[PDB]
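Asks: Opening piece of the complex, as it sits:
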Amino acid sequence: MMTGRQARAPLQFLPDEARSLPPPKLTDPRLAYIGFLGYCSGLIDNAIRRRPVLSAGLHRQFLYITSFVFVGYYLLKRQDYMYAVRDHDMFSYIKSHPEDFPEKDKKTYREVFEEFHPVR
């Protein structure tokens, strides 16, 4: 539904507006979770090929962790870029059309009528 925004300039993973956003820190919990996913994948390779699970192939585990962290960082960058685009289009349309979305006067509780149902 954002395809119109991805209409003029296609097949761009991170457009020029994505560089103006704060990138995710390396201590982000999502990045740590994806690194844990890569570590679990390395453990599964140590398990299914009948190898020792916690010592065999440290290079394979490090490669899995690095690849998972790399693709997770780029996917998180794309995710927060898209969510920022969503909120910016939101606020642009809500500045653009005030006739179809008016204001509400929040009444106090001293005059709004409510019906009380007794529990007994």
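Replies: Yep, it's here. Numbers count the residues shown, from 1 in each chain, chains lettered A, B, ... in the order given.

Asks: Centroid-nearest residue for chain A?
Replies: Geometric centre of chain A, nearest residue: residue A:79, 4.6 Å, by CA atoms, centre = their mean.

Asks: Okay, and that residue sits in which element?
Replies: Assigned by DSSP states H and E, residue A:79 belongs to helix A:58-96.

Asks: buried set for that helix?
Replies: Neighbour counts over helix A:58-96 (16 or more other CB atoms under 10 Å) mark A:61, A:64-65, A:68-69, A:72-73, A:76-77, A:81, A:85 as buried. Bear in mind the C-beta positions are built from the backbone N, C-alpha and C, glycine included.

Asks: which one of the residues you listed sits closest to residue A:2?
Replies: Ranked by distance to residue A:2 (CB to CB), those are led by residue A:85 at 6.6 Å.

Asks: List the contacts of the closest one.
Replies: A:2, A:5, A:17 (CB atoms under 8 Å, 6 or more residues apart in numbering).

Asks: could you redo the last one with a cut-off of 7 Å?
Replies: By CB atoms under 7 Å, 6 or more residues apart in numbering, residue A:85 lies in contact with A:2, A:5.

Asks: can you pull the contacts of residue A:35?
Replies: Contacts for residue A:35 (CB under 7 Å, 6+ apart) come out as A:65, A:68-69.

Asks: For it, what is the enclosing helix or strand?
Replies: helix A:29-48.

Asks: Would you mind listing the buried residues in that helix?
Replies: Quick answer for helix A:29-48 (16+ other CB under 10 Å): A:31, A:34-35, A:38, A:41-42, A:46.

Asks: ok, residue A:97 to residue A:91 distance?
Replies: For residue A:97, the distance to residue A:91 (CB to CB, to the nearest Å) stands at 12 Å.

Asks: whoops, I mixed them up, residue A:116
Replies: On the measure of CB to CB, residue A:116 and residue A:91 end up 40 Å apart.

Asks: following sequence is chain B, place it on the structure:
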Amino acid sequence: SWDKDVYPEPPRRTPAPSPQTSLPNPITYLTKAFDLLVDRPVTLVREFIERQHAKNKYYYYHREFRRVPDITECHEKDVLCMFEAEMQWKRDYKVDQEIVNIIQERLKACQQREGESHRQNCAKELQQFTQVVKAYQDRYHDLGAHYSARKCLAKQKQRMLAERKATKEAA
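Replies: Okay, here's chain B dropped in alongside the others:
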């Protein structure tokens, strides 16, 4: 100790023990034995603990909450101030519950201490208890286990419309 207004008790009137017959009673001898063997070491260990108390005497204070705007001046679906209004309402709910508890304590103490003729001398306590029970029943009853200040305000509103309708239909 305790404040004497919140727990009022009448002064004690004990009649004079004057023997009619010549046979002595063991109650005085056992009272003297109690005062000698029992009361003196209890008072000694009490003066010990209070003397140890007197060296380190620090204070604790009763917490007090300032008055906050109530649920009537809350904008609807704006939680940032009806939260405080509900907080104050729950604190007042606990205070009112303890008030009815202390009135019940007063009534029980009167009925026990007035002996076999308590039906006449505890009329004031019965009137106070009936008034506070009617106040609590008007203020908090039938709210349900999910009570909130909005439900209490709606019940108060319905009671006010009922009273105004009764006034208008009997004016």
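
Asks: and the buried residues of helix A:29-48, now that chain B is part of it?
Replies: Of the residues in helix A:29-48, those buried under the neighbour-count criterion (16 or more other CB atoms under 10 Å in any protein chain shown) are A:31, A:34-35, A:38, A:41-42, A:46.

Asks: secondary structure class for the residue of chain B most remote from its centre?
Replies: The centre of chain B is farthest from one residue, residue B:22, which by CA atoms, centre = their mean lies 48.1 Å away. Three-state assignment for residue B:22 (DSSP: H, G, I helix; E, B strand; the rest coil): coil.

Asks: How many neighbouring residues does residue A:107 have?
Replies: The number of residues packed near residue A:107 is 11, by other CB atoms under 10 Å in any protein chain shown.

Asks: That one touches residue B:76, doesn't it?
Replies: Yes - using CB atoms under 7 Å, residue A:107 is in contact with residue B:76, at 5.8 Å.

Asks: tally of neighbours for the closest residue to residue B:88 other than its chain neighbours?
Replies: Among residues not flanking residue B:88 along the chain, residue B:68 sits closest, at 4.9 Å (CB to CB, 6 or more residues apart in numbering or on different chains). Using other CB under 10 Å, residue B:68 has 13 other residues around it.

Asks: gap between residue B:68 and residue B:84?
Replies: 5 Å.

Asks: just residue B:49 next, same as before
Replies: When residue B:49 is compared with residue B:84 (using CB to CB), they lie 44 Å apart.

Asks: ok, those two, which is more surrounded?
Replies: Neighbour comparison, residue B:49 and residue B:84: the larger count goes to residue B:84, with 15 against 9 (by other CB under 10 Å).

Asks: buried residues in the longest helix along chain B?
Replies: Scanning chain B for the helix with the most residues, using DSSP state H, yields helix B:79-113. Under the neighbour-count criterion of 16+ other CB under 10 Å, helix B:79-113 has B:82, B:85-86, B:88-89, B:93, B:103, B:106-107, B:110 buried.

Asks: Kindly report the same for stretch B:118-125.
Replies: B:122, B:125.

Asks: What are the contacting residues of that stretch?
Replies: B:106-107, B:110-111, B:114 (CB atoms under 7 Å, 6 or more residues apart in numbering or on different chains).
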